[PDB]
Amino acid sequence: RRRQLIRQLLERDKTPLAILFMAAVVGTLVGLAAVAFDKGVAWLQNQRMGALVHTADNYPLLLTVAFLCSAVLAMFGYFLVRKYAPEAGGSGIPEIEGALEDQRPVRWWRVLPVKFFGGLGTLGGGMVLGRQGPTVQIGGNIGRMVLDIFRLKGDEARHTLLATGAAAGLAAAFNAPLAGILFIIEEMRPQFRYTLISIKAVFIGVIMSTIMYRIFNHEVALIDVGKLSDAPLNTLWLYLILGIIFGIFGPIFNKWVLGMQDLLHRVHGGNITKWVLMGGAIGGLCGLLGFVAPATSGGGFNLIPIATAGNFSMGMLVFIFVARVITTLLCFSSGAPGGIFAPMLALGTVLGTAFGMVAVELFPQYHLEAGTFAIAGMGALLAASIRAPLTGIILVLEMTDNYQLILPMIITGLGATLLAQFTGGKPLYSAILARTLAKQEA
């Protein structure tokens, strides 16, 4: 195979022009789609806050339209999923993973309007779920769509424009172009065989997407954390320890999401009506919690700068981790449309902060800031539950811009995956795809 190689080496990186141009198209649409989905979620969260002000006196009436406003949107989102596109429940990453394996269909006529409007309901309602769920799957189907529309033929094109859409979708959600590209090549691509996915092409999609988001979202950071302190070599070993903690929690978390998926399935049994009702119940619980204890509900990006800054009592930090574990599980394991990535960032930040607190008091010789540990911890549940450490590290880097912590971030991340592996844990997206492929054969 020496002579085939010399042929291949000289032919390397010669992506078909058509694929390259189409990637620019896909990028752009995913960009605009993501921007719309973002403006939508914001508007409903806003109207929802304009409702509570209309009734800011009568506390029981006030706690009621908090519940109902979320309940309605929740149901409407659960319903669109159950009736028109069942594959648009949950994250959307296992599904787009399925499609890259050629084992799940990209029904873009149904999922685009379902995921987009159904998610617009669950997120805008204020449930604990992340945009990246919807934007990735949306982005994937938008990729499929321009395939079909322009009748592009070939395996390269199908796998590429699908990959490009997913990457443009992740990027746009976090203003993170590197995190999107890396996610394709670490996690999304088919893991057990070769593929012809042009990286240059995914790159182009991601650029356009990110430029679109930049047209409508300039001048304000998703997460602003300022420039934290450094980490001296004699301080690293503490980050290893923090990883090991994430490493034994990762798998335990994964079990709960899968377990709660089953346990919640008994409540409705598959029945579109009990399910949708259970949706507005979960939705309302979130909209309510979004009033009476906002850090237990919602996306969670708000409490990240706070936790990093040290402005939470250890008691509030313990409260937020428990309450958020409970509501992250309730929302994602229930089947609503929306990702689980982003709420893992809050969960990670909080646990990390909490660690740094204890680290600060036990070791004043180290001159610690608990916020260096929050930031190492932010991408760590991504590391131990999703087993995509290279993506969580680069994503966190892009969002927090604290490069001086790269070594502690890399160490916590690796510590988390190693102990996730070793204690019999599996990548969450892979164990969700698997369950779904398995039942498709049952």
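Note that residue numbering begins at 1 and tracks the sequence as displayed.
query: Mean C-alpha B-factor higher for 265 to 273, or for 304 to 312?
result: If you average the C-alpha B-factors of 265 to 273 and of 304 to 312, the larger mean comes out for 265 to 273.
* Asked: Taking only the CA atoms, which stretch has the higher mean B-factor in the record, 168 to 176 or 140 to 148?
  -> Mean C-alpha B-factor is greater for 140 to 148.
Item checked: Highest-ranked of 224, 101, 230, 186 once sorted by CA temperature factor in the record -> In this record, 101 carries the highest C-alpha B-factor of the candidates.
In terms of CA temperature factor as recorded, identify the highest of 33, 411, 399, 49.
49 has the highest C-alpha B-factor of those listed.
task = Could you look up the Cα B-factor of residue 160 in the entry and say which third of the chain it sits in: lowest, middle or highest?
result = It falls in the bottom third of the chain.
Legend entry - Entry-reported Cα temperature factor of residue 41, expressed as the chain third it lands in: Residue 41: CA B-factor falls in the middle third of its chain.
Ranking every modelled residue in this chain by its Cα temperature factor as given in the entry, which third contains residue 79? For residue 79, whose C-alpha B-factor we compare with every modelled residue in the chain, the answer is the highest third.
ask   = Hey, what third does residue 237 fall into on Cα B-factor, ranked over its chain?
value = Residue 237: CA B-factor falls in the lowest third of its chain.
Modelled-residue ranking by C-alpha temperature factor, third containing residue 367
Its C-alpha B-factor, which the entry lists for residue 367, ranks in the lowest third among residues of this chain.
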